[PDB]
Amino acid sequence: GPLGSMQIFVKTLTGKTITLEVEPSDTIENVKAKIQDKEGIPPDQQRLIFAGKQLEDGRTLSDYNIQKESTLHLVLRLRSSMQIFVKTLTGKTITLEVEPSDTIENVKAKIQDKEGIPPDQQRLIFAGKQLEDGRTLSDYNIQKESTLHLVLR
């Protein structure tokens, strides 16, 4: 429309500040939708915090007195993560950052990142049992600081 637009700033947990073109008329869900395009996050995982409070999707920027050049905080809905350890027969220990819902495949992918071993050549063992690519860490009750074993194939 003819009023133009204004700039607000979404600050993130890294220190970065991302810039959006908006109007005071706009809702919080619209703003999350714009954030989706500009950095690649769906609305449902993001919380916008301003002047302390989490902002509700149905209220407007103007209702929150969110003015020209204001700063929102983008914070993500919390995921569970943990560290696990992968022992190789060489005796080296690889430390992975994982989620309980990670597939064994995802895990072999993180092992590749560290070791350059393609997932195809990896067999993983926990509690004496071979781990299947399509199951999850939680399916094998793999929990924080659990130790797996890597054998090549």
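Start at 1 and count along the sequence shown; that's the residue number.
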Inset, instruction - Select between 14-22 and 136-144 the stretch whose C-alpha atoms have the higher average B-factor in the entry. - result: 14-22
Legend entry - Stretch exceeding the other in mean C-alpha B-factor - 88-96, 38-46: 38-46
Legend entry - Maximum C-alpha temperature factor, selected from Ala127, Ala33, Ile117, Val107: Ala33
Inset, instruction - Would you please rank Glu56 by its C-alpha temperature factor against the other modelled residues of its chain and give the third it falls in: lowest, middle or highest? - result: middle
Legend entry - Third of the chain's Cα B-factor distribution that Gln67 belongs to, per the entry: highest
Legend entry - Ranked C-alpha temperature factor of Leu78 among modelled chain residues, by third: highest
